[PDB]
Each structure stands twice: as structure tokens, then as C-alpha cells.
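In what follows, a single structure is set out as C-alpha cells and then discussed.
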Amino acid sequence: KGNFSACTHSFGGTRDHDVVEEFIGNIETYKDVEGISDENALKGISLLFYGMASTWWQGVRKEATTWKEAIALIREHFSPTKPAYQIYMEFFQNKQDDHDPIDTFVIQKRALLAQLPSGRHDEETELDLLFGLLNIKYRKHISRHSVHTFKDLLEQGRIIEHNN
Amino acid sequence: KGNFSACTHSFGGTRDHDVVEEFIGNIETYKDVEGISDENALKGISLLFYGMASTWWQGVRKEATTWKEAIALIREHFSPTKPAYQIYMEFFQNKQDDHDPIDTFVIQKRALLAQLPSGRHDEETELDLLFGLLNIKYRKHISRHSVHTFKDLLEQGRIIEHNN
Amino acid sequence: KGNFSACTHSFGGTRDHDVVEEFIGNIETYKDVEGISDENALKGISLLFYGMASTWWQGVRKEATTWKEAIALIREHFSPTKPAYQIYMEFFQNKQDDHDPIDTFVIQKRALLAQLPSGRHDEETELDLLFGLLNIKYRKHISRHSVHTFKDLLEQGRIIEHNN
Amino acid sequence: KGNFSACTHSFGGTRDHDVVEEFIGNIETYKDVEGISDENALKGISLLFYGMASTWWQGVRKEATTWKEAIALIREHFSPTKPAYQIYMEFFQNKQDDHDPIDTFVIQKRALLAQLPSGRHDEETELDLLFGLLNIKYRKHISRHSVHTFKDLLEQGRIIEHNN
Amino acid sequence: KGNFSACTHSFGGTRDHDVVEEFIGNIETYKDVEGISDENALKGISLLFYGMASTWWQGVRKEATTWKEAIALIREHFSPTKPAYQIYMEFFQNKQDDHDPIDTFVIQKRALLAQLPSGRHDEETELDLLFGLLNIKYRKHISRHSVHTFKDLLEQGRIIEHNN
């Protein structure tokens, strides 16, 4: 049942990294689960676009010979893969305001530090870079030489949050 | 037909106990009814998240080796299983206002007294703890040494409600 | 194909007779049409509730041993089957205002006179009880000893309506 | 696959000719395409009504022995098939205002002149009756003894529209 | 499975080129993917229209003997294929305002220059006609005798955009 006919996943070019990555991951997981022979997914790729994207596909259809080239064309035309220094400045911009728990903040900061080139930064320097931008209410009790991985920091922050 | 492809049940991290319990129960009942071999449900778990949850899964995917560990990770990260005394204080907080029948109140108070540790409280002390927070209009006619289980209390309250 | 997996019929406890009767009729017609072996419909009844009803089912699940007991539990907990005299008073309350045709009024009055105990009232006394609460515009031309069943009254009212 | 289980076509009694005709045509085309043995469509007709129509069906279910009688009951109870002179007066009522092309006007006037009794009016008198109620901007250039069928009138009106 | 029964693509006559072209492309790709024997698609074409289009089909049904004639009737009645000079004037009308990247503008201008008669204009004159209507911020750095195809212009514009 790999006719790519019944799928409720869509895309319309909203120009943001998260929506594009969600769409690409959902398509590739669907192809891995239901079963496509890696050629029928090119003949039925036009059943998922709407609005501004369908005009783009009817424009640039004649430069797609495989599947990986089409997925690379989507990722290159709708995400310009931002350089190094703007990510660091955006990262140090925001502080952790009150009425915001640890889980949302740690999820957003770990989603931001994945657009750097891979293999440059291990876990310890990443946690040391994260630890400065936390509020005083947690930081009075969770001082260093006590955590080594993000799971322990999340656990102790959750205990200090739900305790009082 | 266990490809976990066609399912209209979703979750997006609303941070509440009831939505999480409803989602977990619906997934587990779907797996019991249609038929999954307990390994294909891990390869297709990513077809049910959207929004804030998909970034969380793309973050913490590498710490899930079975199915029960993933369901425990969901229940532990999105519900911090509140302690004993806050449930008792929240329970004695609200009184039963007028223009509210017995069924809604009894359903909410029985949904609240299930987050305690199991095996501490049987039925009689639970009904004796519930009986104080009822309005005078029912309580003038349904005096004690007449009911022993919640079905009889609901029945006599329904008769006194629909009679006049 | 009786896995009770794909069905777009739902219920959430709106506390009204018509919604409950519509939901029960749609479920029972679905079971008669597609084919269930009268035991699989109990294992998959939890795929149709949402919101306030799912907490109610997780509360009272342990008092359902068959299918008819579960359908009776729904009908008894969400409809208190109103007594005799309130139906008669509600029935004589409303008059037929202008800018309202015969079909809507006759449908509502025949939907109200079905909650009485069966076998007490035949067709002739029911039409004689209905005939008093009609407007003067129809009643100047449709005088008695001319109709015996509701079809003839609807037919002559429709002719007098669409004629002028 | 004729269980009349998966169909996204519905009806709720909006009291208009066009919605009823669309619903009847969609049901009959579905029965012609998928394959029903002309008896299973009566046992599953109750899976398509909602709201005010389901009470009507639970009222008048016991006067339907075949399929054509049920479709005639729908067409007779929800469309009173308007008489001759009101259609002619409604037809000559409206004129063709500016900022309205030929296609919409011709479609509406041909949809109105189908409720007359059939076999009374051929094509030539119908076009001669239509030609009076057109604006001066088209009528200065499309004078008679030049068109004989509606296709030619639509074609020359479209040329005069898109030319200037 | 070519009964044209389950399809979530619809059309209602919005009178625009893009919606009509999207609808025609989606239908033809569906027929190429799932499998129709080129005669069953005419018996089930009426399961996709709604509103104003269904009255049009019930009007003009008797002038469709094949599939290509029906698709040509749709394209001719709902798109009047605009002449040459209005496309050129509309094309030179708009300039590229700030806070608008290169991809959206190039997609719209390449979607507009496809309604001309084919075989008149190759790639070089098209890029030379496009290059005049760009803002000064890109045009200070991307001067000519450096690009020959639209891919290189998009690439250098994307580098100059995401660099500063």
C-alpha cells in the first residue's frame, strides 16, 4: 500500500527551519514504515503541496532525477542554513525569565545548538555554555561539580521545582 | 493492518494530567485492538507527534530501547505526579455550588482521588470523606446509615433531583 | 472489518436526549452493518469517547460485563427519563408562531410524544390533542371530519401553504 | 465494498432546492460507482443524517419499503416543487448588473428554467426569452440572426469580454 | 482500487488560474498513480464538485463523451487564457520591495511567464527581461557577464542574503 494517496501531511512554504524539518522527517518516516520502492515516491510527490509550493514545483520539475536530489532541493531553497556567529549571538541574547520551567528552556536551547557544524563541541563544554543563562532561583541550589549530563540537571531542577 | 499509519489521535504537550492519560489509554487500546508485534510500534511512534513534541523526540530519541521505556519517558517528562498533601488541600478547597448535579461532582472527585498511593484507602472512608462537601438541599434527605457504595448514593441523589 | 477503528462518530456528554439517542442509534446501526461478533465491541468502546466521558469510563469500567449493560449505563447516567406531567405541560406551553411551516412543528411535537410509557395513547387521541395548537391561517380551511392520519394533515397543509 | 460506511456526504435539512438535489445526485452516483445490491442501501441510510434529519427518520421509518420510496419521501418532504407562475415572475425580476460575466448569469438562468413541466419549451423560445435581460454593453454587438444555441452565445460573449 | 471514492481534493469555481491548474494536476496525478481504465473516471467525476460547480455539471453533462473533452471544458469555462499584452504590462507593473527575498519573487515571475505562446522566448532573453526589476541592494553586487541560468542567480542572491 505505497501509492502515497492517503496522507494528511502538507507543506506550503512558511519559511522557517522547524516546519521544514518536521515535514521532511514525517515524509521519510512514512516511506520507511508503509513501503515504497524509492521510485514511486517521485511520481506522487505532487499530491502533498498546496498554494505557493505547487507553482514552485511546476516551475522546477525538470531538475529532479532521483529522490535525494528533490529532498535536497527543498532543504536548500527553503532553508539557507544560517552561519556560525548569528547562532551564538541569538543564543546569548535571551535570558530565562520567571514563570518558565526548565524543560521548555532546555528543549529550545538544545534545538538551537544543532545547526553548528558537527564534531566541534562535545557535551561538557555545551553544558558549561548553557549553565550561565539560568535564573537565581534554581542556581542557588544546583551548583557545579554535581552534574555531568543533561538528564541529571533536568532531574534536580524538576525536584527543586515540584518540591516548593 | 498494524502499520500505525491511519490514526486520528494526536498530542502536543499541553501539560495536564487528563490529556496525557487519555492519549496513553487511546494508544494502548489501539495496539490491543488492531494488532502490533510490539516492535513496529517503536518505528512508527513519530507519526503521532506535532509541534513542540517532535523537537523533543528528535532530541531524546537515543534513550528508548523498548516500548515501556518510551511510555514511561512520556509519563515522567509531562506529568510530575504531585505529592500527597496538595491533593488533600485541593480536594477540601471546593464546595458544591448550586446549578450543578451530582454526577459531574462525583466524577471529578473520583478522578482526583486516584493519584494517591494505592492500597491506603478503601471505599468506606472515601465515601465518609466525600459526604461532608455536599449542599444542604440533597443532605436534608440522604442521611447516613442508608448508603454503602457510590451507586446507591448516585441513585438516591438522582431520584431526589428528578422528582422535584 | 469489525475492529471499530475507523469511525467518525463521537460523544462528549452534552446532557440532552437527542444527542444521546443519535449516538446510540449510529453505533447500533454501525454494528449491524459492518459486522461485529458482540464481544469485540466491548474491547474497543474506548476509542469513541473524548473529554469528560473518558474520565467517566476510566472510573466506572469495572461494572460492565456485556454490551447491553454498557448501553444501559450510558442511557441511565446521561438521561434521567423525565416523568409524565412535565412532558404534558411543556407540550401545551408553546404555540405555533407565524413564519414556521407545518413540517418542523409536526416533527418536534411527534418527537416529544414518544417519551411517555408505550401503549397508553393511539393515533386518534394524539391527533385530537395536537389539533388545538395550530394557527388560524391553516385552521380556517382544514376543519375536522376530514383527516384521520398525520400524512393527510401534512398533505393538505402543504397544499394550502404552497398554493398561496 | 458497499457497506455505506465510509462516505463524507451529509445532509441536515436546510430547506433549499440546490442542496437537496446535490445530496440526491451524490448518493445515487456513489451507489452506481462502488456497488450496492439495492437492499443494503436501506439498512445503512441512517449513517448519513445528522441533527434535525435523524429525528425525522426515527419518526417516519415505518413507511419505507424500498429505495425509490425513501428518495421520493426526501424529495417531497423537503422540496414542495413550486408552481408555474412564481418561476416566471422570479425569472423576469432580476436584471444583469455590471461587474458580472456571462457564465454565472447563464448558469443561474438555466438552473432556474428546469423546474417547469418538461416538454413545453424547446431551445429557440428559451433563448428568445433569455435575450431580453442582458446589459447594453454586450447587446450592442451580439444582435440576432447570428446565434442558434447557447454555446455560440457564450463563445461570442467570452470573446467580446476578454477582448477589451 | 480506482473507484474514485476516497479523495480529499475538491473544487468550487473560484475563478483564478492557480486553483484550476492545481486541481487539474492533482486529479491527473491521482489517475496516473492509483490506476483508472480511462472510462471509470467519467462515471465518478461528480463526486468531486460542490456548490456552484454541481449545478454547472447538471446543466452541461450531455456534451462530454470522453475524458479529455471534460478536462478541456473545465479549462475553457473557468479560465479565459488572457492575451499577450496584458501579461507584459502586469509583469512590468510591480517592483521588488524590501523585506521580500529572491525566492518568492523569482517563483512568481516564472509562474507568470508561462501563459505566453510556447517557443517564442528562450532562457537568455527571459533573464535579461527579469534583471531590470530588482532592488539596488542585490544589484550592486551581482552585475552581468556572471550568470547564465536561474540557478546561479538564485545561488548568488542567497549567499548575499544570508551573509549579511
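Reminder, nothing fancy here: chain letters follow the sequence lines and each chain counts from 1. Below, each value reflects all heavy atoms present in this structure, side chains not excepted, and no hydrogens, waters or symmetry copies.
Across all their heavy atoms, C/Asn3 and B/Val33 have their closest contact at O-CG1, 3.2 Å. Closest of all the heavy-atom pairs between B/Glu22 and C/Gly51 is OE2-N, 3.7 Å.
With a 4.5 Å cut-off on non-hydrogen atoms, C/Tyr50 touches chain B through its backbone and its side chain both. For chain C, no part of B/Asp18 is nearby; none of its heavy atoms comes within less than 4.5 Å.
Scanning residues 139-159 of chain C against chain B with a 4.5 Å non-hydrogen threshold yields no residues. At a heavy-atom cut-off of under 4.5 Å, chain B is reached by no residue from residues 86-115 of chain C.
C/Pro80 has its side chain out of reach of B/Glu161: every pair of non-hydrogen atoms, C-beta onward, lies at least 4.5 Å apart. When side chains are defined from C-beta on, C/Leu47 counts as touching B/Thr29, because their heavy atoms get closer than 4.5 Å.
Applying the 6.0 Å contact sphere to CD of C/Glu76 captures no more than 12 heavy atoms from other residues, nucleotides or ligands.
Between atom CD of residue B/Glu21 and atom OG of residue C/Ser54 there is a gap of 9.0 Å, rounded to the nearest 0.5 Å.
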